[PDB]
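Since the structure comes first, as structure tokens, the remarks are kept for the end.
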There are 2 protein chains.
Amino acid sequence: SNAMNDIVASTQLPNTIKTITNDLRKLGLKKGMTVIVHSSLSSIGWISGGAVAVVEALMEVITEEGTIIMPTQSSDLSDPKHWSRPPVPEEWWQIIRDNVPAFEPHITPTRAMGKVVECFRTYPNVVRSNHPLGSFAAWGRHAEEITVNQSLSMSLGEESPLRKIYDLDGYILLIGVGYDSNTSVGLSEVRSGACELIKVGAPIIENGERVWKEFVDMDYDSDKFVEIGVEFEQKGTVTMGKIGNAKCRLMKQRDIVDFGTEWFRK
Amino acid sequence: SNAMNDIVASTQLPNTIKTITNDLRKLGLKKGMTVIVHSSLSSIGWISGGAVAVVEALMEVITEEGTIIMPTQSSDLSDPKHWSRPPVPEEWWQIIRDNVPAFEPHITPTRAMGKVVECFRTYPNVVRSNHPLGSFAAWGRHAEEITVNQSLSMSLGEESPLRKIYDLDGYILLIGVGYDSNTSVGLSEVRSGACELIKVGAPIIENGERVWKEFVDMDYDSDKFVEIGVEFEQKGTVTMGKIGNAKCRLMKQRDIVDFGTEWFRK
Ligand SMILES: CC(=O)SCCNC(=O)CCNC(=O)[C@H](O)C(C)(C)COP(=O)(O)OP(=O)(O)OC[C@H]1O[C@@H](n2cnc3c(N)ncnc32)[C@H](O)[C@@H]1OP(=O)(O)O
Ligand SMILES: CC(=O)SCCNC(=O)CCNC(=O)[C@H](O)C(C)(C)COP(=O)(O)OP(=O)(O)OC[C@H]1O[C@@H](n2cnc3c(N)ncnc32)[C@H](O)[C@@H]1OP(=O)(O)O
Ligand SMILES: Nc1ccnc(=O)[nH]1
Ligand SMILES: Nc1ccnc(=O)[nH]1
Ligand SMILES: [Mg+2]
Ligand SMILES: [Mg+2]
């Protein structure tokens with residue numbers, strides 16, 4: 001059967017803005033929170049209005065007094081020398097570096113972020129940071145503050161939206177995804193020096209002109225995060241519940257980020 | 001297939017804005033022309049920049065002095081009574097009608113229009129017509145003239161963007177797609193007077209408020225569009241050429257609409 005037929009079959013009644021709003025409150029999402037969100041649309045079961053419903057639901061709970069952030073990574077703009085998903089012929093690499101269109105926050109699609117993110121990032125009043133590989137989008141009270149001045153180097157480091165979320169004592173919401181999607185733990189890797197440094201590259205508009213721009217980042221390794229997540233959960237203070245069929249987690253970003261930092265040093 | 005490794009192996013060298021631009025000019029696309037575009041991204045072969053490269057290429061060739069149109073249909077808003085892809089239990093139908101978010105031109109995503117349209121839809125200075133099921137988006141000189149005052153009933157009829165393209169002696173561009181994707185033939189169906197009406201439903205904003213609205217339209221049938229296409233290419237004028245691996249067709253909209261109108265009449 002098609003993906004969609006299975007999704008419908010595993011749903012007893014439709015998910016709606018209203019039932020999603022209800023499930024989010026039940027889990028503990030509150031007006032005025034700062035929350036970074038990671039999601040799988042399909043994991044919820046069938047939704048009337050798909051991604052738009054999920055976005056509107058989150059907004060209705062958090063409100064404009066709170067802030068929603070999602071990662072909007074665009075790794076298709078990276079140096080093809082290092083591509084594996086899929087690799088392309090070596091003879092294409094320079095053509096790509098010379099022709100791939102420059103990052104533009106209002107235009108460039110995301111890769112591997114999900115339909116909720118694609119909806120969110122083009123939604124009215126949502127704002128996006130200027131990083132060409134590792135940007136975030138945000139909506140609400142601290143949206144501009146969170147996304148402004150993202151350093152080109154160390155995209156998940158002390159000068160990124162993650163650090164701004166940390167200073168706001170924000171929350172992480174995982175909807176139907178595990179710890180390997182939990183971007184905030186990249187901040188633990190930065191602070192522990194857990195992973196090696198790499199020269200990266202991306203196309204940007206600089207002084208009006210298109211430049212292939214190089215910089216330093218960390219070779220972030222998500223495979224760790226599942227391990228870290230299981231140990232973090234034993235310590236307590238991860239709230240768990242369902243949004244439709246989606247296994248969801250809600251936690252404080254400071255808590256997991258501080259635990260992650262110790263996990264890598266010990 | 002649609003697997004990325006297969007799309008890379010289908011391609012000798014990458015497609016770029018520059019190569020796509022050149023292919024479009026070779027086919028007959030010109031500065032200042034009015035053109036409605038239908039596309040498959042995968043059909044072209046691997047593109048550096050994907051959908052962004054295709055939109056930039058089109059805009060480069062046509063320029064602000066021309067007009068680009070694309071269908072931005074949103075059939076996930078239709079009455080679930082008739083869904084087949086997939087169908088949903090009858091018990092969900094009234095809940096769907098009570099809960100599916102209303103059409104909002106800056107928010108409502110498209111369904112089955114393709115990645116090129118989803119990219120295009122969100123560009124700056126792109127304007128979208130007002131129809132919850134059969135909207136269009138446009139950019140350039142005639143973008144407002146074409147998209148304004150679309151009627152709710154007979155969505156592809158005499159008060160639709162299709163008739164405005166017809167009046168402007170515009171062109172239809174198919175990229176790696178067939179005549180079942182040729183929306184303009186709907187205007188033929190309306191005009192023939194030969195086809196049968198149906199009651200349809202969708203959620204709109206009326207009085208600044210969400211309502212499920214019912215209206216009349218044609219039971220547009222794209223299998224007759226395909227029959228019309230085969231005959232038209234035997235009889236009428238159509239330019240064929242390639243964009244990467246994509247077989248493409250460029251034709252005058254007035255020519256196929258007039259032919260189809262006769263075809264439906266017999
Ligand atoms: C550690 C790091 O920094 S990594 C970067 C962080 N990453 C993230 O935050 C991403 C988290 N999300 C994930 O990891 C997810 O597993 C994803 C997005 C990669 C894939 O999950 P999916 O549920 O398959 O995809 P997505 O969430 O885009 O939903 C699309 C699917 O929903 C389904 N769907 C479509 N409409 C509906 C609907 N109305 N209701 C329910 N499901 C629907 C379809 O099957 C669709 O699949 P298709 O695009 O193949 O047609
Ligand atoms: C009756 C009426 O009026 S119909 C309304 C009018 N309809 C239309 O205009 C629709 C016309 N288009 C079609 O019919 C097409 O056949 C479609 C859109 C239905 C499907 O075409 P596809 O090429 O499969 O999809 P689309 O154009 O969205 O491109 C996405 C695909 O491009 C491919 N792709 C992704 N990145 C790249 C890249 N850089 N380079 C090349 N291809 C890529 C992937 O295979 C992707 O598939 P996935 O999402 O399954 O991974
Ligand atoms: N093709 C790819 C694009 C981006 N990253 C990869 O690993 N592969
Ligand atoms: N789920 C569906 C949406 C729109 N049309 C269909 O046939 N099916
Ligand atoms: Mg531009
Ligand atoms: Mg817009």
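Ordering of the structure tokens sets the chain letters (A, B, ...), residue numbers begin anew at 1 in every chain, and ligands are numbered from 1 in the order given.
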Where does DSSP see helix (DSSP H, G or I) in segment 93-207 of chain B, if you list the residues as a ChimeraX atom specification? /B:93-99,115-121,143-147,161-167,179-181,185-192
Please identify all polymer residues within 9 Å of residue 138 of chain B, counting only C-alpha atoms, omitting same-chain residues fewer than 2 positions from it, and present them as a list in words.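 Skipping anything fewer than 2 positions along the chain leaves residues 36, 67, 68, 69, 70, 71, 120, 121, 125, 126, 127, 128, 129, 136, 140, 142, 143, 144, 146 and 147 of chain B.
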For residue 241 of chain A: contacts at 12 Å, only C-alpha atoms, fewer than 2 positions along chain excluded, given as number ranges by chain: A: 22-29, 44, 173-176, 238-239, 243-251
Write as a count of residues only the residues around ligand 3, taking 12 Å as the cut-off and counting only C-alpha atoms and all ligand atoms. 38
Give me the least-squares superposed chain A (reference chain B; all C-alpha atoms paired in order) as a compact mmCIF listing (two decimals) with C-alpha atoms, in the first residue's frame.
```
# COMPACT_ATOMS: atom_id res chain seq x y z
CA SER A 1 18.35 2.37 -6.35
CA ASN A 2 16.85 5.54 -4.92
CA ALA A 3 15.01 7.94 -7.19
CA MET A 4 17.88 10.46 -6.84
CA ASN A 5 20.67 7.96 -7.71
CA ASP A 6 18.85 7.14 -10.99
CA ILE A 7 18.39 10.83 -11.77
CA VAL A 8 22.15 11.43 -11.32
CA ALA A 9 23.05 8.30 -13.37
CA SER A 10 20.90 9.48 -16.32
CA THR A 11 22.65 12.89 -16.43
CA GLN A 12 26.01 13.30 -18.17
CA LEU A 13 26.74 16.82 -16.92
CA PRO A 14 24.87 18.97 -14.40
CA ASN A 15 21.96 21.11 -15.45
CA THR A 16 22.39 24.70 -14.20
CA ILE A 17 20.53 27.99 -14.38
CA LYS A 18 22.70 28.75 -17.39
CA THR A 19 22.13 25.51 -19.34
CA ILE A 20 18.41 25.65 -18.59
CA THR A 21 18.31 29.29 -19.75
CA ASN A 22 20.11 28.12 -22.92
CA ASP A 23 17.70 25.19 -23.55
CA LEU A 24 14.64 27.40 -23.03
CA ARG A 25 15.86 29.96 -25.60
CA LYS A 26 16.71 27.17 -28.02
CA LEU A 27 13.15 25.81 -27.78
CA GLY A 28 11.78 29.33 -28.48
CA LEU A 29 11.03 30.94 -25.12
CA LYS A 30 11.55 34.71 -25.58
CA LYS A 31 11.76 37.87 -23.52
CA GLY A 32 8.32 39.40 -23.07
CA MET A 33 6.24 36.22 -23.57
CA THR A 34 3.18 35.32 -21.53
CA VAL A 35 3.69 31.67 -20.66
CA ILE A 36 1.80 29.17 -18.46
CA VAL A 37 4.26 26.48 -17.30
CA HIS A 38 3.79 22.82 -16.27
CA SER A 39 6.74 20.73 -15.12
CA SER A 40 8.34 17.63 -13.67
CA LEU A 41 11.71 18.57 -11.95
CA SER A 42 13.03 14.98 -12.13
CA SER A 43 12.41 14.71 -15.88
CA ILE A 44 15.17 17.26 -16.56
CA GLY A 45 17.92 15.21 -14.95
CA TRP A 46 20.10 16.44 -12.13
CA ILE A 47 19.96 20.20 -11.54
CA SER A 48 22.38 22.29 -9.41
CA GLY A 49 19.89 24.31 -7.33
CA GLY A 50 16.87 22.11 -8.11
CA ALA A 51 13.59 23.98 -8.36
CA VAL A 52 15.11 27.38 -7.63
CA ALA A 53 17.31 26.97 -10.73
CA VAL A 54 14.30 26.23 -12.97
CA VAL A 55 12.35 29.22 -11.62
CA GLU A 56 15.30 31.58 -12.02
CA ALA A 57 16.02 30.32 -15.50
CA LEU A 58 12.44 31.01 -16.61
CA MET A 59 12.58 34.49 -15.09
CA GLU A 60 15.92 35.26 -16.79
CA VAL A 61 14.43 34.35 -20.18
CA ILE A 62 10.90 35.82 -19.84
CA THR A 63 12.05 38.83 -17.75
CA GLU A 64 9.76 41.24 -15.88
CA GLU A 65 8.50 42.50 -19.27
CA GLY A 66 6.88 39.07 -19.69
CA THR A 67 4.64 37.02 -17.39
CA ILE A 68 4.94 33.51 -15.96
CA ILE A 69 1.90 31.64 -14.71
CA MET A 70 1.66 28.26 -13.03
CA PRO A 71 -1.32 26.41 -11.61
CA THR A 72 -1.32 26.27 -7.76
CA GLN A 73 -4.28 23.91 -7.12
CA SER A 74 -4.97 22.88 -3.52
CA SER A 75 -7.47 20.00 -3.82
CA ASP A 76 -6.78 18.89 -0.20
CA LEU A 77 -9.22 21.64 0.76
CA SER A 78 -12.15 19.97 -1.11
CA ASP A 79 -15.15 18.05 0.24
CA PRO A 80 -13.86 14.65 1.49
CA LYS A 81 -17.12 13.00 0.38
CA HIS A 82 -15.53 12.77 -3.09
CA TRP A 83 -11.94 11.90 -2.13
CA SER A 84 -10.25 8.83 -3.67
CA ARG A 85 -6.51 9.58 -3.35
CA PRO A 86 -7.01 8.31 -0.72
CA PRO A 87 -10.57 8.09 0.55
CA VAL A 88 -11.05 8.72 4.29
CA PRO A 89 -13.74 7.22 6.64
CA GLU A 90 -17.19 8.77 6.26
CA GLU A 91 -17.27 9.58 9.99
CA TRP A 92 -14.38 12.01 9.39
CA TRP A 93 -16.12 14.03 6.69
CA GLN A 94 -18.00 16.59 8.83
CA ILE A 95 -14.99 16.95 11.21
CA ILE A 96 -12.92 17.90 8.13
CA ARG A 97 -15.48 20.34 6.75
CA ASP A 98 -15.58 21.91 10.23
CA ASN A 99 -11.80 21.96 10.95
CA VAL A 100 -9.73 22.10 7.73
CA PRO A 101 -7.92 25.50 7.68
CA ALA A 102 -9.27 28.18 5.35
CA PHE A 103 -7.54 28.95 2.04
CA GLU A 104 -4.90 31.68 2.35
CA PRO A 105 -2.99 32.50 -0.82
CA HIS A 106 0.38 33.21 0.83
CA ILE A 107 0.22 29.98 2.94
CA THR A 108 -1.85 27.08 1.49
CA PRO A 109 0.36 24.42 -0.18
CA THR A 110 -0.43 22.95 -3.60
CA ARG A 111 -1.17 19.32 -4.29
CA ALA A 112 0.13 17.41 -7.30
CA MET A 113 1.63 20.59 -8.91
CA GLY A 114 5.33 19.85 -8.37
CA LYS A 115 8.34 21.33 -6.58
CA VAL A 116 8.84 23.97 -9.30
CA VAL A 117 5.36 25.33 -8.45
CA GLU A 118 6.00 25.15 -4.67
CA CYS A 119 9.17 27.23 -5.21
CA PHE A 120 7.48 29.66 -7.63
CA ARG A 121 4.42 30.39 -5.48
CA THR A 122 6.55 31.50 -2.42
CA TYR A 123 9.07 33.37 -4.58
CA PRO A 124 9.30 37.17 -3.97
CA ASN A 125 6.86 39.24 -6.10
CA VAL A 126 4.86 36.22 -7.24
CA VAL A 127 1.13 36.70 -6.82
CA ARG A 128 -1.61 34.12 -6.43
CA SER A 129 -5.35 34.16 -7.24
CA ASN A 130 -7.87 33.68 -4.52
CA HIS A 131 -9.50 30.46 -5.55
CA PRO A 132 -9.45 27.87 -2.71
CA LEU A 133 -9.18 24.77 -4.96
CA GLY A 134 -8.11 26.00 -8.40
CA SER A 135 -5.85 29.05 -8.00
CA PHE A 136 -2.93 30.12 -10.20
CA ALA A 137 0.24 32.07 -9.40
CA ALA A 138 1.88 34.64 -11.67
CA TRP A 139 5.02 36.77 -11.94
CA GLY A 140 5.81 39.71 -14.22
CA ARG A 141 4.08 42.32 -16.34
CA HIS A 142 0.49 40.96 -16.26
CA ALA A 143 0.68 38.98 -13.00
CA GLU A 144 -1.91 41.03 -11.09
CA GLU A 145 -4.21 41.37 -14.06
CA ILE A 146 -4.17 37.63 -14.71
CA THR A 147 -4.81 36.49 -11.11
CA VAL A 148 -7.29 39.14 -9.94
CA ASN A 149 -11.05 38.41 -9.62
CA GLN A 150 -11.02 34.66 -10.29
CA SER A 151 -14.69 33.59 -10.10
CA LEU A 152 -15.41 31.00 -7.41
CA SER A 153 -17.69 29.03 -9.81
CA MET A 154 -16.15 27.61 -13.04
CA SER A 155 -12.55 27.80 -11.89
CA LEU A 156 -11.14 27.11 -15.38
CA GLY A 157 -13.83 29.13 -17.20
CA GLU A 158 -14.39 32.56 -18.73
CA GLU A 159 -13.60 34.43 -15.48
CA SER A 160 -10.32 32.61 -14.71
CA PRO A 161 -6.61 33.22 -15.41
CA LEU A 162 -6.98 30.85 -18.45
CA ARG A 163 -9.25 33.32 -20.23
CA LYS A 164 -6.85 36.16 -19.39
CA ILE A 165 -3.97 34.14 -20.88
CA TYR A 166 -6.15 33.51 -23.97
CA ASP A 167 -6.81 37.21 -24.46
CA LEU A 168 -3.02 37.93 -24.18
CA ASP A 169 -2.25 35.30 -26.93
CA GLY A 170 0.01 33.51 -24.48
CA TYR A 171 2.01 30.28 -24.70
CA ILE A 172 1.94 26.93 -22.92
CA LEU A 173 5.25 25.31 -21.96
CA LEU A 174 5.19 21.63 -20.97
CA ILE A 175 8.49 20.46 -19.37
CA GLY A 176 8.74 16.68 -19.10
CA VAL A 177 4.98 16.28 -18.81
CA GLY A 178 2.20 15.43 -21.30
CA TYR A 179 -1.14 16.87 -22.29
CA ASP A 180 -2.96 15.56 -19.22
CA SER A 181 -1.13 18.31 -17.27
CA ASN A 182 -2.17 20.99 -19.76
CA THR A 183 -4.61 23.02 -17.67
CA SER A 184 -5.57 25.41 -20.50
CA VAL A 185 -7.62 22.65 -22.20
CA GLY A 186 -10.05 22.97 -19.25
CA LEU A 187 -11.13 26.18 -21.02
CA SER A 188 -12.01 24.07 -24.12
CA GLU A 189 -14.16 21.81 -21.90
CA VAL A 190 -15.92 24.86 -20.39
CA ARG A 191 -16.70 26.30 -23.86
CA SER A 192 -17.88 22.98 -25.29
CA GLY A 193 -19.81 21.89 -22.18
CA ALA A 194 -17.81 18.66 -22.54
CA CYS A 195 -18.01 17.55 -18.90
CA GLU A 196 -20.75 17.49 -16.26
CA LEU A 197 -21.31 20.11 -13.56
CA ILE A 198 -20.70 19.27 -9.88
CA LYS A 199 -21.38 20.91 -6.54
CA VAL A 200 -18.00 21.52 -4.86
CA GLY A 201 -17.01 22.98 -1.49
CA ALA A 202 -14.00 24.57 0.20
CA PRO A 203 -13.11 26.55 3.32
CA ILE A 204 -12.53 30.30 2.90
CA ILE A 205 -12.24 33.49 4.94
CA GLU A 206 -15.36 35.59 4.25
CA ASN A 207 -16.24 38.69 6.30
CA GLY A 208 -13.30 37.82 8.58
CA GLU A 209 -14.94 34.48 9.45
CA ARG A 210 -14.16 30.92 8.32
CA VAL A 211 -16.96 29.60 6.09
CA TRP A 212 -17.42 26.27 4.31
CA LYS A 213 -18.44 27.72 0.97
CA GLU A 214 -20.17 25.85 -1.81
CA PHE A 215 -20.14 26.48 -5.50
CA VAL A 216 -20.45 24.96 -8.97
CA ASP A 217 -17.60 23.67 -11.10
CA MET A 218 -16.96 21.31 -13.95
CA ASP A 219 -15.85 17.74 -13.29
CA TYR A 220 -12.78 18.35 -15.51
CA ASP A 221 -11.54 15.21 -17.22
CA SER A 222 -7.88 15.20 -18.21
CA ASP A 223 -8.00 11.73 -19.81
CA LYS A 224 -9.40 13.45 -22.91
CA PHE A 225 -6.42 15.83 -23.21
CA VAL A 226 -3.82 13.27 -24.34
CA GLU A 227 -6.15 12.31 -27.20
CA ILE A 228 -6.69 16.00 -28.09
CA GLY A 229 -2.93 16.64 -27.90
CA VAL A 230 -1.97 13.91 -30.35
CA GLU A 231 -4.53 15.17 -32.89
CA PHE A 232 -3.45 18.81 -32.31
CA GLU A 233 0.21 17.96 -32.98
CA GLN A 234 -0.57 16.41 -36.39
CA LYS A 235 -2.03 19.81 -37.43
CA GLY A 236 1.43 21.33 -36.77
CA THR A 237 2.69 24.28 -34.70
CA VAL A 238 3.91 22.55 -31.56
CA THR A 239 7.62 23.30 -31.10
CA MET A 240 9.41 20.36 -29.51
CA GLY A 241 12.82 20.07 -27.90
CA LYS A 242 14.75 19.18 -24.78
CA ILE A 243 15.53 20.88 -21.52
CA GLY A 244 18.25 18.55 -20.23
CA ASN A 245 16.60 15.11 -20.48
CA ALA A 246 13.08 16.60 -20.45
CA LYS A 247 10.89 16.18 -23.51
CA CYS A 248 9.36 19.67 -23.82
CA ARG A 249 6.59 21.30 -25.87
CA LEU A 250 5.90 24.95 -26.63
CA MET A 251 2.63 26.07 -28.25
CA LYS A 252 0.22 29.00 -28.46
CA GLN A 253 -2.60 28.72 -25.91
CA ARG A 254 -5.21 30.09 -28.35
CA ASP A 255 -4.31 27.43 -30.90
CA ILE A 256 -4.74 24.40 -28.59
CA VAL A 257 -7.74 25.94 -26.75
CA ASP A 258 -9.55 26.64 -30.05
CA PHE A 259 -8.72 23.19 -31.37
CA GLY A 260 -9.92 21.61 -28.13
CA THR A 261 -13.23 23.44 -28.32
CA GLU A 262 -13.93 22.13 -31.86
CA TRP A 263 -12.73 18.63 -30.85
CA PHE A 264 -15.43 18.42 -28.17
CA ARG A 265 -18.29 19.76 -30.33
CA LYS A 266 -17.62 17.76 -33.51
```
All strand (DSSP E or B) residues (DSSP, backbone) inside segment 222-253 of chain B, as a list in words: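 Residues of segment 222-253 of chain B classed as strand (DSSP E or B): residues 239, 240, 241, 242, 243, 246, 247, 248, 249, 250, 251 and 252 of chain B.
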